[PDB]
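So here's one chain in two forms, each on its own in structure tokens, numbered structure 1 and structure 2.
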Structure 1
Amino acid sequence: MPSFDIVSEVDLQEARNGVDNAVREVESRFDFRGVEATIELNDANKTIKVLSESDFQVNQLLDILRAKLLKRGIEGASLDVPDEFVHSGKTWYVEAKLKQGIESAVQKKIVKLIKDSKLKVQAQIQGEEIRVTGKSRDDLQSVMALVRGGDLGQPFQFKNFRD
């Protein structure tokens, strides 16, 4: 009874290091000297708030944070940036969501998408991931390519291959 796990992981310590290093980089940049510019990781909600004084400077901070994150092994696709920036007072900010684990809403689409493929596999939501089982190892490879090549909004890896 072959099975594997569909997971979406980011080492949160590496993320914190990226933020820490993005902050040290902003403090060196003299286009930001004496400019309100902050990057704060909320480790409860898996979110990074980046705030500055213009929407242009917010994107500058996001690009710095993404560069630092990539070097720590975290890919830009793991940092969900919402459509709307917030204009509050003389500040601009956005809450960027770190896509660690597969949220309930995305698990449903993965399970639905696997259903509509007609492959003889079962897909069971388990904690923060999806276990997939079936009798054919090759059908199990087809769902990997199906998930890989989906636009699901997030990187996935596959772990825990069992027979």
Structure 2
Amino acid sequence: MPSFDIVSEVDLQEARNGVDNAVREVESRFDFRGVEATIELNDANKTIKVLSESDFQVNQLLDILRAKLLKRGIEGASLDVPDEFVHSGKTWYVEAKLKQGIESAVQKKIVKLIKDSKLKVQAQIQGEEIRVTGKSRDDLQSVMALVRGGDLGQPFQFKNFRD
């Protein structure tokens, strides 16, 4: 039976290179002299810790980070930054999450879209991915259009086409 997988991939090496490029930008900027200002990627979690000495400095670092990630093909919708930072002593910091995979709350919205379509297809959650199967390749095409047009908050890719 024809099938494809819905995924959301953030390449580790592109993120490492973006973070490294962002760090280089920070160390070359005179306004960060004598300021602690760090951008650190956790490879295992695909999370980025951003820390400095004020709310505005954290936001300046996030702007640098978003621009460097964008040049690497990692679009802004793929970086989930909390609404509020952590303030602790003289430091402010935040964890920016790379949107690797499809979280539970987004998976349920995709599943609802597919059931609402009434197309004769079935969706099965598989870890951070979703497999979609159906007798009609045209219906599978329509599911892809529904997902890419669903305004679900992150880019998706479609892979593992089987027939």
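Reference numbering: structure 1, starting with residue 1. Take the two forms, find the largest set of C-alpha atoms that superpose within 1.5 Å, and that set is the rigid core.
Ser117 is the only residue from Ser54, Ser117, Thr38, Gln122 whose Cα shifts by 2 Å or more between the two structures, the rigid core being superposed. Shown in the overlay between the two structures, fitted on the rigid core, is a CA shift at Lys108 of 2 Å or greater. When the rigid core is held fixed, the Cα atom of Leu152 travels 2 angstroms or more between the two structures.
Once the rigid core is matched between the two structures, the CA atom of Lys71 is found 0.6 Å away. On rigid-core superposition between the two structures, the C-alpha of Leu140 is found to move 1.7 angstrom.
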